[PDB]
Amino acid sequence: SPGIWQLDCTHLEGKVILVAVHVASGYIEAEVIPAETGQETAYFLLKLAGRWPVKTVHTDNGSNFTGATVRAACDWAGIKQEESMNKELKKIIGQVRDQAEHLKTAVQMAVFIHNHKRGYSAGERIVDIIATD
Amino acid sequence: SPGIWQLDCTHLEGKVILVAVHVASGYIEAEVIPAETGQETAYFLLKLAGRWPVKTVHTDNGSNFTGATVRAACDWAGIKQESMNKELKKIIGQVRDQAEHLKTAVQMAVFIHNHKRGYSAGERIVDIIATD
Ligand SMILES: CNCc1sc(-c2ccccc2)nc1C
Ligand SMILES: CNCc1sc(-c2ccccc2)nc1C
Ligand SMILES: [Cl-]
Ligand SMILES: [Cl-]
């Protein structure tokens with residue numbers, strides 16, 4: 001299941017963060033998004049699918065997935081819709097929050113640490129899994 | 001060499017796009033950024049370095065690289081400062097009419113560029129990096 005991702009939302013400081021986890025490796029892509037809307041969700045899914053070979057995304061199936069825009073983007077990219085990362089990830093953002101003005105910066109520092117931490121990191125694992133394929 | 005990227009800027013519709021190319025594979029990460037400033041450049045470099053093992057970035061060494069923020073982000077991430085780009089605007093040209101917003105058209109263009117195929121740029125970067 002090299003192509004399988006899980007997408008969840010998490011909230012901090014009145015802002016919305018989408019976190020996509022590659023299930024088999026635990027590698028994450030996460031970004032603060034303007035609002036939890038289908039348009040912004042579709043944008044995030046298109047970004048992810050351009051960077052890794054995404055076949056299926058497990059989502060929470062809420063409001064921002066019911067609309068025409070998200071359905072059209074998943075169709076176009078060839079994606080089918082069919083834990084406590086949020087916790088660990090918030091924990092690391094908690095550790096780094098004071099070093100960046102903006103939450104978004106702190107989010108990308110937390111992604112870096114999560115993906116690089118090692119006897120393989122999540123980044124080494126996703127590449128190995130996909131290379132094997 | 002697996003860890004080597006090139007970062008360039010390109011402009012379209014009064015907005016700024018940064019494009020990072022993994023030199024050995026031609027794989028691209030690109031996005032529209034709010035302004036070509038040290039703060040936004042630093043943000044884009046940290047994003048990239050969190051997602052791939054980035055050792056060296058070749059940049060154009062202009063104004064948005066001389067400041068304290070960018071130097072500190074490259075330090076923190078362990079990055080040193082030491083072709084596809086017209087292709088990219090071409091694809092964006094091909095898809096512009098299908099998304100309202102430029103940002104959307106950019107990510108569609110990245111997808112097509114990275115998946116287009118013996119191997120795509122996406123298959124090549126994973127193969128190269130997995131080899132080590
Ligand atoms: C599979 N072995 C090579 C890799 S891949 C890697 C990495 C990839 C993505 C994010 C973070 C680290 N670091 C190393 C040392
Ligand atoms: C190395 N072989 C497995 C891959 S990797 C891949 C891909 C990775 C990133 C962006 C686009 C495609 N497609 C496939 C079929
Ligand atoms: Cl969500
Ligand atoms: Cl630049």
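Counting convention: from 1, in listed order, for ligands and their atoms alike. In what follows, chains are A, B, ... by sequence order, proteins preceding strands, each numbered from 1. Computed over heavy atoms, backbone and side chain alike; hydrogens, waters and symmetry mates excluded.
Heavy atoms from both the backbone and the side chain of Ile130(A) come within less than 4.0 Å of ligand 2.
Remark: ligand 2 atoms within the under-4.0 Å shell around heavy atoms of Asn114(B) are 11 (C). Close contacts of ligand 1 with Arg51(B), meaning ligand atoms under 4.0 Å from a residue heavy atom, involve 9 (C), 10 (C). Per-residue contacts place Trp52(A) under 4.0 angstrom from the following atoms of ligand 2 (heavy atoms of the residue considered): 9 (C), 10 (C).
Residue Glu124(A) has no nitrogen or oxygen atom sitting less than 3.5 Å from a nitrogen or oxygen atom of ligand 1, judged on distance alone. Ligand 2 has a nitrogen or oxygen under 3.5 angstrom from a nitrogen or oxygen of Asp133(A).
When each of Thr69(A), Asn64(A), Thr59(A) is tested with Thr41(A) by the rule side-chain hydrogen bond (donor to acceptor under 3.5 Å, both in side chains), just one qualifies, namely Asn64(A).
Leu7(B) places none of its side-chain heavy atoms less than 4.5 Å from the side chain of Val19(B).
Contact analysis leaves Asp128(A) out of contact with ligand 1, as no non-hydrogen atom separation drops below 4.0 angstrom.
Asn115(A) contributes a side-chain N or O that, together with a main-chain N or O of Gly50(B), makes up a donor-acceptor pair within less than 3.5 Å.
Here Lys104(A) pairs with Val32(A), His102(A), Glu40(B), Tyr43(B) under the side-chain contact (heavy atoms from CB on, under 4.5 Å) rule; sequence neighbours left out.
The aromatic rings of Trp52(A) and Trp52(B) sit parallel to each other, their planes meeting at less than 30°, with 60° as the upper class boundary.
For the residue pair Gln6(B)/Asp8(B), the side-chain donor-acceptor check at 3.5 Å is satisfied.
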